[PDB]
Amino acid sequence: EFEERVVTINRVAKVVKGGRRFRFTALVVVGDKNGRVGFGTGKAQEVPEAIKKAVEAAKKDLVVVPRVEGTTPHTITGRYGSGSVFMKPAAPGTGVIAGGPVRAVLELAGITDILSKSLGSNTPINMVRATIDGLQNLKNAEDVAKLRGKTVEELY
Amino acid sequence: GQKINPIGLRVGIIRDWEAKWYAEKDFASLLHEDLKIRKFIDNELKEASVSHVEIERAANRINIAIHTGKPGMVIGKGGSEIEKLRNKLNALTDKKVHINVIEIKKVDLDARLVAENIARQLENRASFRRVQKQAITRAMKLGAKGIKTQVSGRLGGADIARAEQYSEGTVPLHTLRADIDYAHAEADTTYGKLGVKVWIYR
Amino acid sequence: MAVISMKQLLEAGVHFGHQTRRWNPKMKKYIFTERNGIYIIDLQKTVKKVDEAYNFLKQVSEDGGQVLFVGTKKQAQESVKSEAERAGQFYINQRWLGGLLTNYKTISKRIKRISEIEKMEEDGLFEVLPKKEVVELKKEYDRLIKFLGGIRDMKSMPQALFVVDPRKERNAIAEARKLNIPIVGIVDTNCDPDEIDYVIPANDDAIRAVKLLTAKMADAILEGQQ
RNA sequence: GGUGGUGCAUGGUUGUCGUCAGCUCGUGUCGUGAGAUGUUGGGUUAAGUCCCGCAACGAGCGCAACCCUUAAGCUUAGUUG
RNA sequence: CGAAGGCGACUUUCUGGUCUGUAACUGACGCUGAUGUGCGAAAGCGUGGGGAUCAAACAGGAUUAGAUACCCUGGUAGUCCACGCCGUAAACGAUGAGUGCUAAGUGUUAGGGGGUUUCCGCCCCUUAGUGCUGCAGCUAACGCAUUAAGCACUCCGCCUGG
RNA sequence: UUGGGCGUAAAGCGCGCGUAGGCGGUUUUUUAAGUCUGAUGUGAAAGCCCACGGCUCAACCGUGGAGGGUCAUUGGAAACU
């Protein structure tokens, strides 16, 4: 259970003897759209091949998002290093509420109710970091309310 | 790039000699009768893209020995072109009756005369990658001995060729009886010379 | 089977370790104390949690998970190797080239490489394999079969191991953690408790530790297999 | 038909880094990236060729006593030698 | 150790203060920050020395196919100490100063508790530090970290284009 | 604040030493003065909810309620002050 989506590519061309190759180092999200958005990366070479040769490396480890469906009821955000985003929860009856690069990964996990305060640094590789920070550090509601000694709603 | 032009690679095991010539008299005219006739079929065979050189003069009963195994151009239908040369190439050689031809088995595997098969893959310069140069990707990995590929035929006016590499590896890389040859042809650079240096690897 | 006997566990050298300040606050859950430096196992989960490691391997070997009993210490280059063999496996008595499993997938080929170069030295036509070849084949053989043994003939993977000093021999465990496999281990002091799911500061001098646990785990992949 | 001029229009013609003994390459694989394997730390023969210890395993590229040549037989024999 | 620039002959001083073992004790009585505190090294700096050394200048020499220069004694001052300092150094921590930790480790100056006392030494606890690494954290990485280039409570100033 | 940091990068002081201060550790306890006023008369246009009419649609205009649910007016009382 993960999510299918293309992330990006990159043409590496190093200072070398002969002609500089342009390996299309690509990151891809793969799966069948449950809520647990699992992306990965890959260093792959051929123009039509490097999508799959890089998804090869992407699916080696594709991450879990324990997703409070409908919407994460409270403010949902995260951070690592220079990367972070923010999501204020809004009504789900609003259409798609998203930012610039996070638009299609907003559709990946099925919430489509919170907005995307597009914060973070200007770093493209760690743009992925800023994105995934928001939804990698999550924990469900009822399991936390259980974990805290009280019931699911004694703490509400 | 300060390179000389080779012909023979490792001659003594792999490289051989097809000298079967007996036209002993008239080294000024009978020699002409079998060498100047080689200046003839460059145009007619319609992008021949042929294997190798196997010349042979059968004891001066010369039947012309150049195969160019793409059929139809040299066959006809049951002795049309061959029997026609039986009367026409009496000016080429003495008799020249029923000139022969072979079948070409992956002609891009032949080290020497593949250069035509790839000079007719990018000289068009119009859809010069798929319609014509499909065969660089077809004739890749039949395990030829000399593994070296380059193309330089009128790509923007290029005066040199191309190469592709990556890096790793271990081997005892010394081998002394391989086979490979040259390639050089007649494209027009219009300001500074480059006859296209063109090979592929099978 | 499950547990070790208690005497050669205790007195014949499991609890002993090394001097303090080669200190493991991270293995404090199994470290009892130290005798002028030399550490001591908490001497109860060295057997109780050893039975829980047996149960961890019980439903692992009841489906075909045979643990590699590894050669790291000097009795392990022979006897823990040997109970790996009793389990139905081979041993590891040579060294990594420095990242074979963290840089996994090119000289992760060494699994097939030992499956092939050994079997080609073994199969027929060894005479046809000339002496010019046999020189390097036999110069490499002493390094080859000792290189990898866990997936040698039990060509599935072990769901655990039995390490001693993963402080260095996490070159196997931590590099294989790319491959997402749990590990049990009879560890030494100031070594890893994290990568190994079951650590006990077991000094290697108690061969009861390697027989009545690790060869007993060669037996737990028979009883804890059936 | 040019010798009147342009190699410079291109076949070329070809001198030429440079015998560089070197140039390498895949399966690939690590470095978040600007960076990482071969042909090895101890000791051995005509062409980047290794073991106890090093990230390696798999092919080419210029080039085996390569087929002559000097030879030991012959072989073939008296033909002309 | 000092407010720093910095702090070096030693008998001594105040041993001021660090300093750890004791800390014998009234009840927020402090860091940074209006006050105000002082200086800050030399180049240079307001008197005898000072050309005594060193020393620019000059001499005088010349490389090999090139000086008066690398070369400098006589020597210009200057150098320098008994009466006046600037507010400048890579004074750099490129990293401001209070409450406390970040797995922690680490051998150790000081001062202690000591066992063993040794033959003034082996072992344990120890902190201002001392270093070393090393957990978390840190930034792009440089690389920092139980003593920051982290972590939660104090102030300061800086600047969000240059 | 909400929605910047300052080693290198936008930026962290030769320096330290200092008064007001900012903040320095608090452990108890009383007031109702403030820490989503009670409820209402209660609310600026291109601007607090709906109804409207005309707008060639529009272009653009205006209308009523809601008058608010937004100030005043009445309150006293924790576990900070």
# chains A, B, ... in the order shown; residues from 1 in each chain; ligands from 1
$ residues_around --residues "region 164-175 of chain B" --least-positions-apart "2" --cutoff "8 Å" --atoms "only C-alpha atoms (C1' of nucleotides)" --output "list in words"
residues 18 and 19 of chain A; 162, 177 and 178 of chain B; 25, 37, 38, 39, 47, 49, 57, 58, 59, 60, 63 and 64 of chain D
$ closest_atom_pairs --of "region 13-70 of chain D" --to "region 135-145 of chain C" --cutoff "10 Å" --atoms "only C-alpha atoms (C1' of nucleotides)" --output "Markdown table"
| residue | atom | partner | partner_atom | distance |
| --- | --- | --- | --- | --- |
| D:50 | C1' | C:136 | CA | 8.6 |
| D:51 | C1' | C:139 | CA | 6.0 |
| D:52 | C1' | C:143 | CA | 9.4 |
$ interface_residues --of "chain A" --to "chain F" --cutoff "12 Å" --atoms "only C-alpha atoms (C1' of nucleotides)" --output "list in words"
residues 86, 117, 118, 119 and 120 of chain A
$ interface_residues --of "chain D" --to "chain B" --cutoff "12 Å" --atoms "only C-alpha atoms (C1' of nucleotides)" --output "ChimeraX atom specification"
/D:6-18,20-29,36-40,47-50,55-64,66-68
$ write_last_selection --atoms "C-alpha atoms (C1' of nucleotides)" --output "PDB file, in the first residue's frame"
ATOM      1  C1'   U D   6      42.832  27.401 -54.036  1.00  0.00           C
ATOM      2  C1'   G D   7      43.720  21.232 -50.938  1.00  0.00           C
ATOM      3  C1'   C D   8      40.985  25.219 -48.203  1.00  0.00           C
ATOM      4  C1'   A D   9      35.249  21.274 -51.584  1.00  0.00           C
ATOM      5  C1'   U D  10      35.420  16.636 -50.136  1.00  0.00           C
ATOM      6  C1'   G D  11      37.315  12.089 -51.271  1.00  0.00           C
ATOM      7  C1'   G D  12      42.196  12.922 -49.658  1.00  0.00           C
ATOM      8  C1'   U D  13      47.295  12.747 -49.376  1.00  0.00           C
ATOM      9  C1'   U D  14      48.281  11.921 -45.349  1.00  0.00           C
ATOM     10  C1'   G D  15      53.836  13.818 -41.779  1.00  0.00           C
ATOM     11  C1'   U D  16      51.932  13.749 -36.977  1.00  0.00           C
ATOM     12  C1'   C D  17      50.437  13.420 -29.565  1.00  0.00           C
ATOM     13  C1'   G D  18      52.712   8.108 -29.546  1.00  0.00           C
ATOM     14  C1'   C D  20      50.516   5.919 -25.171  1.00  0.00           C
ATOM     15  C1'   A D  21      51.808   0.737 -23.361  1.00  0.00           C
ATOM     16  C1'   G D  22      48.841   2.338 -22.345  1.00  0.00           C
ATOM     17  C1'   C D  23      43.291   3.534 -23.714  1.00  0.00           C
ATOM     18  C1'   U D  24      39.573   1.010 -21.651  1.00  0.00           C
ATOM     19  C1'   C D  25      34.314  -0.903 -20.967  1.00  0.00           C
ATOM     20  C1'   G D  26      29.497  -3.758 -18.858  1.00  0.00           C
ATOM     21  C1'   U D  27      26.781  -6.554 -14.598  1.00  0.00           C
ATOM     22  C1'   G D  28      27.156  -2.346 -11.575  1.00  0.00           C
ATOM     23  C1'   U D  29      27.801  -0.380  -6.847  1.00  0.00           C
ATOM     24  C1'   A D  36      34.130   6.489  -4.612  1.00  0.00           C
ATOM     25  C1'   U D  37      36.334  -0.160  -7.716  1.00  0.00           C
ATOM     26  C1'   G D  38      40.120  -1.956 -11.238  1.00  0.00           C
ATOM     27  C1'   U D  39      45.953  -4.162 -12.597  1.00  0.00           C
ATOM     28  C1'   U D  40      45.903  -4.444  -4.590  1.00  0.00           C
ATOM     29  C1'   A D  47      53.404  -6.986 -24.665  1.00  0.00           C
ATOM     30  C1'   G D  48      47.764  -1.916 -17.629  1.00  0.00           C
ATOM     31  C1'   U D  49      48.981  -9.417 -15.893  1.00  0.00           C
ATOM     32  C1'   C D  50      48.305 -11.027  -9.577  1.00  0.00           C
ATOM     33  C1'   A D  55      35.022  -3.268  -3.177  1.00  0.00           C
ATOM     34  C1'   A D  56      35.164  -5.756  -6.543  1.00  0.00           C
ATOM     35  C1'   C D  57      33.498 -10.180 -10.831  1.00  0.00           C
ATOM     36  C1'   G D  58      32.787 -10.173 -16.368  1.00  0.00           C
ATOM     37  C1'   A D  59      34.963  -8.534 -22.495  1.00  0.00           C
ATOM     38  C1'   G D  60      37.814  -5.350 -25.926  1.00  0.00           C
ATOM     39  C1'   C D  61      41.136  -1.706 -27.647  1.00  0.00           C
ATOM     40  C1'   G D  62      47.353  -1.045 -30.000  1.00  0.00           C
ATOM     41  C1'   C D  63      50.121  -6.245 -29.947  1.00  0.00           C
ATOM     42  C1'   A D  64      50.933 -14.374 -28.753  1.00  0.00           C
ATOM     43  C1'   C D  66      51.818 -16.451 -33.724  1.00  0.00           C
ATOM     44  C1'   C D  67      52.505 -18.641 -40.292  1.00  0.00           C
ATOM     45  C1'   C D  68      57.808 -18.013 -42.123  1.00  0.00           C
TER      46        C D  68
END
$ closest_residue --among "A:12, A:101, A:41, A:123" --to "chain E" --atoms "only C-alpha atoms (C1' of nucleotides)"
A:123
$ closest_atom_pairs --of "chain A" --to "chain D" --cutoff "12 Å" --atoms "only C-alpha atoms (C1' of nucleotides)" --output "JSON lines"
{"residue": "A:12", "atom": "CA", "partner": "D:33", "partner_atom": "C1'", "distance": 11.2}
{"residue": "A:14", "atom": "CA", "partner": "D:34", "partner_atom": "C1'", "distance": 10.3}
{"residue": "A:15", "atom": "CA", "partner": "D:34", "partner_atom": "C1'", "distance": 11.2}
{"residue": "A:17", "atom": "CA", "partner": "D:23", "partner_atom": "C1'", "distance": 11.1}
{"residue": "A:18", "atom": "CA", "partner": "D:23", "partner_atom": "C1'", "distance": 11.8}
{"residue": "A:41", "atom": "CA", "partner": "D:32", "partner_atom": "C1'", "distance": 10.9}
{"residue": "A:43", "atom": "CA", "partner": "D:29", "partner_atom": "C1'", "distance": 11.0}
{"residue": "A:44", "atom": "CA", "partner": "D:28", "partner_atom": "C1'", "distance": 11.3}
{"residue": "A:81", "atom": "CA", "partner": "D:32", "partner_atom": "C1'", "distance": 12.0}
{"residue": "A:123", "atom": "CA", "partner": "D:32", "partner_atom": "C1'", "distance": 11.7}
{"residue": "A:124", "atom": "CA", "partner": "D:32", "partner_atom": "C1'", "distance": 11.5}
{"residue": "A:125", "atom": "CA", "partner": "D:32", "partner_atom": "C1'", "distance": 8.0}
{"residue": "A:126", "atom": "CA", "partner": "D:32", "partner_atom": "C1'", "distance": 8.6}
{"residue": "A:128", "atom": "CA", "partner": "D:32", "partner_atom": "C1'", "distance": 11.3}
{"residue": "A:129", "atom": "CA", "partner": "D:32", "partner_atom": "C1'", "distance": 10.2}
$ residues_around --residues "residue 72 (chain C)" --least-positions-apart "5" --cutoff "10 Å" --atoms "only C-alpha atoms (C1' of nucleotides)" --output "list in words"
residues 77, 78, 80, 81, 91, 92, 93, 94, 95, 162, 163, 164, 165, 166, 168 and 169 of chain C
$ closest_residue --among "D:41, D:73, D:31, D:81" --to "chain C" --atoms "only C-alpha atoms (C1' of nucleotides)"
D:31
$ closest_atom_pairs --of "chain E" --to "chain C" --cutoff "9 Å" --atoms "only C-alpha atoms (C1' of nucleotides)" --output "Markdown table"
| residue | atom | partner | partner_atom | distance |
| --- | --- | --- | --- | --- |
| E:103 | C1' | C:25 | CA | 6.7 |
| E:104 | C1' | C:25 | CA | 8.5 |
| E:105 | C1' | C:21 | CA | 6.3 |
| E:106 | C1' | C:21 | CA | 8.0 |
| E:123 | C1' | C:36 | CA | 8.0 |
$ write_last_selection --atoms "C-alpha atoms (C1' of nucleotides)" --output "PDB file, in the first residue's frame"
ATOM      1  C1'   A E 103      25.292   8.074  25.463  1.00  0.00           C
ATOM      2  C1'   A E 104      28.784   9.882  27.180  1.00  0.00           C
ATOM      3  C1'   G E 105      33.580   8.475  27.408  1.00  0.00           C
ATOM      4  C1'   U E 106      38.468  10.089  27.926  1.00  0.00           C
ATOM      5  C1'   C E 123      42.359   1.058  42.307  1.00  0.00           C
TER       6        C E 123
END
$ residues_around --residues "region 55-67 of chain C" --least-positions-apart "6" --cutoff "6 Å" --atoms "only C-alpha atoms (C1' of nucleotides)" --output "number ranges by chain"
C: 158-161, 221, 224-225
$ select_by_dssp --residues "region 124-182 of chain C" --states "alpha helix (DSSP H)" --output "MDAnalysis selection string"
chainID C and resid 131:144 166:176
$ write_last_selection --atoms "N, CA and C atoms" --output "PDB file, in the first residue's frame"
ATOM      1  N   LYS C 131      46.433 -26.260 -15.284  1.00  0.00           N
ATOM      2  CA  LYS C 131      47.206 -25.912 -14.098  1.00  0.00           C
ATOM      3  C   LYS C 131      47.491 -24.424 -14.004  1.00  0.00           C
ATOM      4  N   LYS C 132      47.759 -23.774 -15.137  1.00  0.00           N
ATOM      5  CA  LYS C 132      47.793 -22.316 -15.188  1.00  0.00           C
ATOM      6  C   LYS C 132      46.539 -21.695 -14.577  1.00  0.00           C
ATOM      7  N   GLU C 133      45.379 -22.336 -14.746  1.00  0.00           N
ATOM      8  CA  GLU C 133      44.163 -21.876 -14.083  1.00  0.00           C
ATOM      9  C   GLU C 133      44.135 -22.305 -12.622  1.00  0.00           C
ATOM     10  N   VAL C 134      44.522 -23.555 -12.354  1.00  0.00           N
ATOM     11  CA  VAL C 134      44.372 -24.125 -11.020  1.00  0.00           C
ATOM     12  C   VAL C 134      45.233 -23.379 -10.013  1.00  0.00           C
ATOM     13  N   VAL C 135      46.340 -22.782 -10.468  1.00  0.00           N
ATOM     14  CA  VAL C 135      47.185 -21.980  -9.585  1.00  0.00           C
ATOM     15  C   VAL C 135      46.366 -20.882  -8.919  1.00  0.00           C
ATOM     16  N   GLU C 136      45.758 -20.007  -9.719  1.00  0.00           N
ATOM     17  CA  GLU C 136      44.974 -18.922  -9.147  1.00  0.00           C
ATOM     18  C   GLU C 136      43.685 -19.427  -8.517  1.00  0.00           C
ATOM     19  N   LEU C 137      43.092 -20.495  -9.061  1.00  0.00           N
ATOM     20  CA  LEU C 137      41.888 -21.049  -8.450  1.00  0.00           C
ATOM     21  C   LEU C 137      42.151 -21.489  -7.016  1.00  0.00           C
ATOM     22  N   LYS C 138      43.271 -22.166  -6.776  1.00  0.00           N
ATOM     23  CA  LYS C 138      43.594 -22.635  -5.438  1.00  0.00           C
ATOM     24  C   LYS C 138      44.207 -21.551  -4.564  1.00  0.00           C
ATOM     25  N   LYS C 139      44.823 -20.527  -5.158  1.00  0.00           N
ATOM     26  CA  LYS C 139      45.222 -19.362  -4.376  1.00  0.00           C
ATOM     27  C   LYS C 139      44.024 -18.546  -3.918  1.00  0.00           C
ATOM     28  N   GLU C 140      42.921 -18.592  -4.663  1.00  0.00           N
ATOM     29  CA  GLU C 140      41.693 -17.911  -4.291  1.00  0.00           C
ATOM     30  C   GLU C 140      40.765 -18.767  -3.439  1.00  0.00           C
ATOM     31  N   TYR C 141      40.889 -20.096  -3.497  1.00  0.00           N
ATOM     32  CA  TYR C 141      39.928 -20.956  -2.813  1.00  0.00           C
ATOM     33  C   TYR C 141      39.977 -20.775  -1.305  1.00  0.00           C
ATOM     34  N   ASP C 142      41.174 -20.616  -0.740  1.00  0.00           N
ATOM     35  CA  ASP C 142      41.295 -20.398   0.695  1.00  0.00           C
ATOM     36  C   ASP C 142      40.595 -19.123   1.141  1.00  0.00           C
ATOM     37  N   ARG C 143      40.499 -18.121   0.268  1.00  0.00           N
ATOM     38  CA  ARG C 143      39.749 -16.909   0.563  1.00  0.00           C
ATOM     39  C   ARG C 143      38.281 -16.998   0.166  1.00  0.00           C
ATOM     40  N   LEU C 144      37.913 -17.950  -0.696  1.00  0.00           N
ATOM     41  CA  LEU C 144      36.583 -17.941  -1.302  1.00  0.00           C
ATOM     42  C   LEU C 144      35.537 -18.590  -0.404  1.00  0.00           C
ATOM     43  N   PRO C 166      29.780  -7.231  17.402  1.00  0.00           N
ATOM     44  CA  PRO C 166      29.269  -6.385  16.322  1.00  0.00           C
ATOM     45  C   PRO C 166      29.778  -4.955  16.367  1.00  0.00           C
ATOM     46  N   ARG C 167      30.474  -4.577  17.448  1.00  0.00           N
ATOM     47  CA  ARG C 167      31.261  -3.348  17.474  1.00  0.00           C
ATOM     48  C   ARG C 167      32.129  -3.208  16.226  1.00  0.00           C
ATOM     49  N   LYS C 168      32.618  -4.326  15.681  1.00  0.00           N
ATOM     50  CA  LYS C 168      33.218  -4.366  14.353  1.00  0.00           C
ATOM     51  C   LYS C 168      32.411  -5.181  13.357  1.00  0.00           C
ATOM     52  N   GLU C 169      31.850  -6.319  13.772  1.00  0.00           N
ATOM     53  CA  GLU C 169      31.191  -7.244  12.857  1.00  0.00           C
ATOM     54  C   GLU C 169      29.757  -6.831  12.537  1.00  0.00           C
ATOM     55  N   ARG C 170      29.385  -5.589  12.841  1.00  0.00           N
ATOM     56  CA  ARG C 170      28.220  -4.985  12.211  1.00  0.00           C
ATOM     57  C   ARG C 170      28.462  -4.650  10.742  1.00  0.00           C
ATOM     58  N   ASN C 171      29.696  -4.819  10.245  1.00  0.00           N
ATOM     59  CA  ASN C 171      29.950  -4.821   8.808  1.00  0.00           C
ATOM     60  C   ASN C 171      29.055  -5.806   8.074  1.00  0.00           C
ATOM     61  N   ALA C 172      28.705  -6.922   8.711  1.00  0.00           N
ATOM     62  CA  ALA C 172      27.698  -7.817   8.161  1.00  0.00           C
ATOM     63  C   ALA C 172      26.297  -7.318   8.491  1.00  0.00           C
ATOM     64  N   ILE C 173      26.009  -7.132   9.781  1.00  0.00           N
ATOM     65  CA  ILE C 173      24.646  -6.843  10.222  1.00  0.00           C
ATOM     66  C   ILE C 173      24.174  -5.503   9.684  1.00  0.00           C
ATOM     67  N   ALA C 174      24.938  -4.444   9.946  1.00  0.00           N
ATOM     68  CA  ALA C 174      24.475  -3.108   9.605  1.00  0.00           C
ATOM     69  C   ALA C 174      24.425  -2.899   8.101  1.00  0.00           C
ATOM     70  N   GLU C 175      25.325  -3.537   7.355  1.00  0.00           N
ATOM     71  CA  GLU C 175      25.261  -3.447   5.904  1.00  0.00           C
ATOM     72  C   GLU C 175      24.115  -4.276   5.343  1.00  0.00           C
ATOM     73  N   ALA C 176      23.776  -5.390   5.988  1.00  0.00           N
ATOM     74  CA  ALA C 176      22.625  -6.186   5.595  1.00  0.00           C
ATOM     75  C   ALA C 176      21.309  -5.559   6.025  1.00  0.00           C
TER      76      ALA C 176
END
$ residues_around --residues "residue 18 (chain F)" --least-positions-apart "4" --cutoff "10 Å" --atoms "only C-alpha atoms (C1' of nucleotides)" --output "PDB file with C-alpha atoms (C1' of nucleotides), in the first residue's frame"
ATOM      1  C1'   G E  33      22.311  46.075  29.839  1.00  0.00           C
ATOM      2  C1'   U E  35      25.561  54.817  34.452  1.00  0.00           C
ATOM      3  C1'   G E  36      30.438  54.480  34.593  1.00  0.00           C
ATOM      4  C1'   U E  37      35.612  50.887  34.438  1.00  0.00           C
TER       5        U E  37
END
$ residues_around --residues "residue 107 (chain E)" --least-positions-apart "2" --cutoff "10 Å" --atoms "only C-alpha atoms (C1' of nucleotides)" --output "number ranges by chain"
E: 130-132
$ interface_residues --of "chain C" --to "chain A" --cutoff "12 Å" --atoms "only C-alpha atoms" --output "PyMOL selection string"
chain C and resi 104-105+177-180
$ write_last_selection --atoms "C-alpha atoms" --output "PDB file, in the first residue's frame"
ATOM      1  CA  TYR C 104      24.994  -3.790  -2.014  1.00  0.00           C
ATOM      2  CA  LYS C 105      24.230  -4.835  -5.501  1.00  0.00           C
ATOM      3  CA  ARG C 177      20.131  -3.915   7.372  1.00  0.00           C
ATOM      4  CA  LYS C 178      19.748  -2.375   3.924  1.00  0.00           C
ATOM      5  CA  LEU C 179      18.143  -5.777   3.284  1.00  0.00           C
ATOM      6  CA  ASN C 180      15.816  -5.480   6.322  1.00  0.00           C
TER       7      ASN C 180
END
$ select_by_dssp --residues "region 4-113 of chain A" --states "strand (DSSP E)" --output "PDB file with C-alpha atoms, in the first residue's frame"
ATOM      1  CA  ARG A   5       3.392   9.471  -8.776  1.00  0.00           C
ATOM      2  CA  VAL A   6       6.424  10.861 -10.596  1.00  0.00           C
ATOM      3  CA  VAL A   7       8.544  13.299  -8.586  1.00  0.00           C
ATOM      4  CA  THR A   8      11.313  14.668 -10.820  1.00  0.00           C
ATOM      5  CA  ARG A  11      20.676  15.039 -15.775  1.00  0.00           C
ATOM      6  CA  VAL A  12      24.053  14.417 -14.139  1.00  0.00           C
ATOM      7  CA  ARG A  23      21.899  10.143 -16.620  1.00  0.00           C
ATOM      8  CA  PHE A  24      18.327  11.040 -15.719  1.00  0.00           C
ATOM      9  CA  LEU A  27      12.691   9.925  -8.032  1.00  0.00           C
ATOM     10  CA  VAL A  28       9.287   8.258  -8.243  1.00  0.00           C
ATOM     11  CA  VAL A  29       6.355   7.411  -5.996  1.00  0.00           C
ATOM     12  CA  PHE A  39       8.470   7.779  -2.598  1.00  0.00           C
ATOM     13  CA  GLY A  40      11.985   6.779  -3.499  1.00  0.00           C
ATOM     14  CA  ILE A  76      -0.144  19.031  10.526  1.00  0.00           C
ATOM     15  CA  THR A  77       3.444  19.959   9.658  1.00  0.00           C
ATOM     16  CA  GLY A  78       7.034  18.800  10.090  1.00  0.00           C
ATOM     17  CA  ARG A  79      10.662  19.674   9.562  1.00  0.00           C
ATOM     18  CA  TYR A  80      14.139  18.358   8.849  1.00  0.00           C
ATOM     19  CA  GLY A  83      13.161  21.636   4.895  1.00  0.00           C
ATOM     20  CA  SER A  84       9.614  21.946   6.222  1.00  0.00           C
ATOM     21  CA  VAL A  85       6.026  22.656   5.186  1.00  0.00           C
ATOM     22  CA  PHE A  86       2.790  23.420   7.009  1.00  0.00           C
ATOM     23  CA  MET A  87      -0.845  22.372   6.691  1.00  0.00           C
TER      24      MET A  87
END
$ interface_residues --of "chain C" --to "chain D" --cutoff "6 Å" --atoms "only C-alpha atoms (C1' of nucleotides)" --output "JSON, numbers by chain"
{"C": [97, 103, 105, 106, 107]}
$ write_last_selection --atoms "C-alpha atoms" --output "short mmCIF file (atom, residue, chain, number, x, y, z; two decimals), in the first residue's frame"
data_model
loop_
_atom_site.label_atom_id
_atom_site.label_comp_id
_atom_site.auth_asym_id
_atom_site.auth_seq_id
_atom_site.Cartn_x
_atom_site.Cartn_y
_atom_site.Cartn_z
CA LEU C 97 36.13 -5.61 1.04
CA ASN C 103 26.99 -0.65 -1.47
CA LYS C 105 24.23 -4.83 -5.50
CA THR C 106 27.52 -5.44 -7.35
CA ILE C 107 29.69 -7.51 -4.95
#
$ atom_distance --atom1 "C1' of residue 6 (chain E)" --atom2 "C1' of residue 42 (chain E)"
12.9 Å
$ residues_around --residues "residue 71 (chain A)" --least-positions-apart "5" --cutoff "8 Å" --atoms "only C-alpha atoms (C1' of nucleotides)" --output "CSV table (one decimal) with N, CA, C and O atoms, in the first residue's frame"
chain,number,residue,atom,x,y,z
A,89,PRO,N,-5.6,22.6,8.8
A,89,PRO,CA,-6.8,21.8,8.3
A,89,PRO,C,-7.9,22.8,8.1
A,89,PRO,O,-8.2,23.7,8.8
A,92,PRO,N,-13.2,19.8,4.2
A,92,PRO,CA,-12.9,18.9,3.0
A,92,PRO,C,-13.8,19.3,1.8
A,92,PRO,O,-13.3,19.1,0.7
A,111,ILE,N,-6.7,13.1,1.8
A,111,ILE,CA,-7.2,14.0,2.8
A,111,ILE,C,-8.0,15.1,2.0
A,111,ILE,O,-9.2,15.2,2.1
A,112,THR,N,-7.2,15.9,1.2
A,112,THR,CA,-7.8,16.9,0.3
A,112,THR,C,-8.7,17.8,1.1
A,112,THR,O,-9.7,18.4,0.5
A,113,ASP,N,-8.4,18.1,2.3
A,113,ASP,CA,-9.2,19.0,3.2
A,113,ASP,C,-8.3,20.0,3.9
A,113,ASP,O,-8.9,21.1,4.2
A,114,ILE,N,-7.0,19.8,4.1
A,114,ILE,CA,-6.1,20.8,4.7
A,114,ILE,C,-5.5,21.6,3.6
A,114,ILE,O,-5.5,21.1,2.4
$ closest_atom_pairs --of "chain E" --to "chain A" --cutoff "10 Å" --atoms "only C-alpha atoms (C1' of nucleotides)" --output "Markdown table"
| residue | atom | partner | partner_atom | distance |
| --- | --- | --- | --- | --- |
| E:138 | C1' | A:81 | CA | 8.7 |
| E:139 | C1' | A:81 | CA | 7.9 |
| E:140 | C1' | A:123 | CA | 9.4 |
$ atom_distance --atom1 "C1' of residue 35 (chain F)" --atom2 "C1' of residue 78 (chain F)"
12.3 Å
$ decode --residues "region 65-71 of chain A" --atoms "N, CA and C atoms" --output "mmCIF file, in the first residue's frame"
data_model
loop_
_atom_site.group_PDB
_atom_site.id
_atom_site.type_symbol
_atom_site.label_atom_id
_atom_site.label_comp_id
_atom_site.auth_asym_id
_atom_site.auth_seq_id
_atom_site.Cartn_x
_atom_site.Cartn_y
_atom_site.Cartn_z
ATOM 1 N N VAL A 65 3.173 6.542 5.343
ATOM 2 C CA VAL A 65 2.494 7.674 5.970
ATOM 3 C C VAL A 65 1.294 7.111 6.725
ATOM 4 N N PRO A 66 1.360 6.913 8.058
ATOM 5 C CA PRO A 66 0.143 6.499 8.764
ATOM 6 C C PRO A 66 -0.860 7.632 8.737
ATOM 7 N N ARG A 67 -1.876 7.475 7.901
ATOM 8 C CA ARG A 67 -2.690 8.589 7.443
ATOM 9 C C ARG A 67 -4.011 8.611 8.195
ATOM 10 N N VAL A 68 -4.229 9.675 8.964
ATOM 11 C CA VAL A 68 -5.542 9.931 9.540
ATOM 12 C C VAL A 68 -6.433 10.421 8.405
ATOM 13 N N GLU A 69 -7.215 9.507 7.843
ATOM 14 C CA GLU A 69 -8.001 9.775 6.649
ATOM 15 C C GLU A 69 -9.012 10.889 6.891
ATOM 16 N N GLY A 70 -9.581 11.374 5.793
ATOM 17 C CA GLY A 70 -10.445 12.534 5.836
ATOM 18 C C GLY A 70 -9.624 13.791 6.016
ATOM 19 N N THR A 71 -9.013 13.926 7.190
ATOM 20 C CA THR A 71 -8.056 14.985 7.454
ATOM 21 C C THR A 71 -7.366 14.696 8.775
#
